[PDB]
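Note sheet for the following structure.
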Amino acid sequence: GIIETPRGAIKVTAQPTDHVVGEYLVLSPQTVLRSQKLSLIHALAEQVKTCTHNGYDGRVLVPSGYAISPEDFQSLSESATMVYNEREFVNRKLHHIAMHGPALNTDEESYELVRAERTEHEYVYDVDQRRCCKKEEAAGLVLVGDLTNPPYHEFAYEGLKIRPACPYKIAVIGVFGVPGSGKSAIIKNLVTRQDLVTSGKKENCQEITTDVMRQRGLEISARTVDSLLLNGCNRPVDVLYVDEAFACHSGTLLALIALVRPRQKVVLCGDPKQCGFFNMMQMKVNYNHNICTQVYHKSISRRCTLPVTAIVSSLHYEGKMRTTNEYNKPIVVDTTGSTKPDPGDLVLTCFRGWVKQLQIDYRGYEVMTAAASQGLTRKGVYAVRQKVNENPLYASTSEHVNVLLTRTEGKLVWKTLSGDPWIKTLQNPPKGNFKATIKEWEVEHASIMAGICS
RNA sequence: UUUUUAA
Ligand SMILES: Nc1ncnc2c1ncn2[C@@H]1O[C@H](COP(=O)(O)OP(=O)(O)O)[C@@H](O)[C@H]1O
Ligand SMILES: [Al+3]
Ligand SMILES: [Cl-]
Ligand SMILES: [Cl-]
Ligand SMILES: [Cl-]
Ligand SMILES: [F-]
Ligand SMILES: [F-]
Ligand SMILES: [F-]
Ligand SMILES: [F-]
Ligand SMILES: [Mg+2]
């Protein structure tokens with residue numbers, strides 16, 4: 001395609017020969033690297049090849065049709081590129097299993113080559129089309145397993161066909177800060193039926209709609225970012241609220257804003273120290289830029305207990321995080337195992353694979369991963385760890401554990417095996433004065449509400 | 001059993 005640089009922006013125009021998904025031009029990494037005027041995303045092209053050909057050489061998607069600021073161009077390119085390559089990656093892996101057989105002894109073995117008419121899986125990997133589809137779209141031999149059930153990677157790919165390629169100019173207020181500090185409370189307190197609430201997290205959506213109804217008697221419908229990107233916005237919007245905004249790449253947020261076209265402003269609420277977006281290819285991310293025109297910070301939690309605040313303040317928030325919660329009972333460590341969950345406890349674990357056995361172990365209880373719980377408040381958390389090893393989700397710096405510990409406003413049980421390195425920190429949280437007064441919180445909050453409403 | 005997420 002053609003690439004221009006009208007001062008001081010970048011414009012890519014696709015030509016009739018070009019491979020295009022919606023408004024995004026599909027380019028090979030080398031084509032990007034040959035182009036001097038695309039040098040602002042050469043790090044992206046290099047990162048695409050380093051995680052594809054070595055692990056063609058992948059693809060780089062670029063927004064076309066509009067003069068875009070360089071920073072937005074970078075963000076939109078990187079975000080759309082990750083979606084495209086993740087779909088290719090998953091499908092290529094499935095294609096490898098179907099043609100070369102599974103790699104033992106991995107989870108590749110849990111896939112089954114089956115005839116499309118003899119399976120009951122709703123979605124299916126079609127070996128002739130080289131993509132995942134509904135079972136009734138496939139004819140003959142198909143591969144069936146967890147990545148095809150459902151094929152999120154295909155859903156996200158199809159969403160690229162409607163992804164905006166030109167940022168929407170509007171005020172973007174960021175409210176960032178520590179867990180439990182009232183970022184989501186702001187959305188629940190200010191949302192009107194003329195607004196749109198989105199969330200980077202699915203369970204957080206239901207928490208919002210329920211809390212707005214219970215607290216303000218107002219029926220709203222919060223949607224995930226993915227739901228909006230994958231399904232569009234078919235009504236005018238005054239304020240766009242994005243909760244758990246740091247779970248999404250900046251270019252995804254730009255695409256969401258241009259899809260919604262809010263008439264007044266955008267408010268992003270989030271915490272970069274909690275779970276973000278992961279790339280299954282673990283590509284180095286270069287262009288997750290700040291897109292806010294104003295940024296406010298919250299350092300005082302209302303939810304998190306003193307023992308938990310002491311731990312995550314020290315690990316993740318440079319000791320600046322405090323809490324107004326007076327709960328200071330010790331965290332219960334169970335390696336024996338001497339404990340059972342009480343009614344109302346949220347049962348949490350870091351691994352999706354362990355959720356199955358825990359649901360059986362604790363029928364009637366809420367059970368989910370730490371990552372899926374992000375944004376929720378619970379009276380008690382019953383965390384279970386089935387195995388102790390060097391998995392990064394349980395590392396000391398893990399954002400997953402950060403989220404897990406900060407879900408409770410009171411009791412926390414950590415059920416694990418002896419030798420769990422986390423036991424030391426849990427039974428001996430860092431010392432310090434991590435307590436704040438309610439009015440310190442109120443004056444911090446007032447500064448943010450003054451700026452949001454200004 | 002390495003984590004988001006559509007209808
Ligand atoms: N005045 C208040 N404003 C906000 N939250 C409050 C207030 N009083 C008590 N809380 C409690 O603090 C918690 C704040 O959590 P939330 O808004 O979900 O935090 P975040 O979205 O910042 O993680 C809620 O469970 C709420 O019940
Ligand atoms: Al929170
Ligand atoms: Cl950190
Ligand atoms: Cl409190
Ligand atoms: Cl106490
Ligand atoms: F939080
Ligand atoms: F939070
Ligand atoms: F939260
Ligand atoms: F939150
Ligand atoms: Mg929240």
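Keep in mind that the numbers below use all heavy atoms, side chains included, and drop hydrogens, waters and symmetry copies. In what follows, chains are A, B, ... by sequence order, proteins preceding strands, each numbered from 1.
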Output all residues satisfying side chain to side chain contact (heavy atoms under 4.5 Å, CB included) with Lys320(A), sequence neighbours left out; order by chain, then residue number. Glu318(A)

Would you mind classifying the nucleic acid contact of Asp107(A) as base, sugar-phosphate or nothing, using non-hydrogen atoms under 4.0 angstrom? nothing

Think [X] has a side-chain N or O under 4.0 angstrom from the OP1 or OP2 of [N]?
X: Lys202(A); N: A6(B); value: yes
X: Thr224(A); N: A6(B); value: yes
X: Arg352(A); N: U4(B); value: yes
X: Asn391(A); N: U1(B); value: no

What is the separation between atom CG on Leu348(A) and atom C1' on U2(B), rounded to the nearest whole Å? 17 Å

Proximity to RNA chain B (any heavy atom under 4.0 Å), residues of residues 267-277 of chain A only: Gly276(A), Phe277(A)

Is any N or O donor-acceptor pair between the side chain of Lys356(A) and the base of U1(B) shorter than 3.5 Å? yes

Taking side chain as C-beta onward, heavy atoms only, is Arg59(A) less than 4.5 Å from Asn85(A)? yes

So, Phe278(A) and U2(B): ring centres less than 5.5 Å apart, planes less than 30° off, yes or no? no

Report yes or no: is the cationic atom of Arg385(A) (NZ for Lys, CZ for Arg) under 6.0 Å from the centre of the six-membered ring of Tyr394(A), at an angle within 45° of the ring normal? yes

